[PDB]
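Have a look below at one chain only, the form deposited in one PDB entry, in structure tokens format.
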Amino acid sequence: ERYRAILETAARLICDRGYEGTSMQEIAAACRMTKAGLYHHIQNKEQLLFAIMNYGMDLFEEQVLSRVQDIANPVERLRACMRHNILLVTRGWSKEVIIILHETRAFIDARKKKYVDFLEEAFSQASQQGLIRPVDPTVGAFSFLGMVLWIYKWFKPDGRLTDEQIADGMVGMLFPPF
């Protein structure tokens, strides 16, 4: 419990002022610990970032992939996955962890590729079964990911559009009745 709290706090600080502009002393004080206490849990800044990103992938698999991987119809699977990814970004409890994850290298890269593989497989199946307009599966996957992963840069919760309207509109754009 104390460790995940450290990752969440560090992630919030890193998102506010960026990686270079965040010190381990800043992170320690934000966690109500001494710098020595922080280093009991983490080895240095580079490992902290790795830990944040791995925790991010865990959270994503639990809250997005776990829920959709058993949907057999590939366009239903895509539609649910896109809606879950959007709502993760706008409603999630660890938004800054997720931002760092998509914004040791080889270990995280291979984990991220599992999601790209999943999307490409579904676009492939949906295209083949006549449930979506044909498209190259990679073009589909990365259009999907670009639409969802950009949200945090523009979306203002106090603005006109609601996050449910964004989810409905986005899904309807890529995956209309076809």
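Residue indices: 1-based, along the sequence shown. Here the rigid core means the biggest group of C-alpha atoms that line up within 1.5 Å when the two forms are laid on top of each other.
What follows is about the form deposited in another entry, which we do not show.
- With the core fitted between the shown form and the other one, just one of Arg67, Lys45, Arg111, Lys35 shows a Cα displacement of at least 2 Å, namely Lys35.
- In the core-superposed comparison between the shown form and the other one, the C-alpha atom of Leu78 has shifted by less than 2 angstroms.
- Compared with the form shown here, the Cα atoms of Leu78 and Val97 sit 3 Å or more closer together in that other deposited form.
- A shift of at least 3 angstroms brings the Cα atoms of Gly140 and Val97 nearer to each other in that other deposited form than in the displayed structure.
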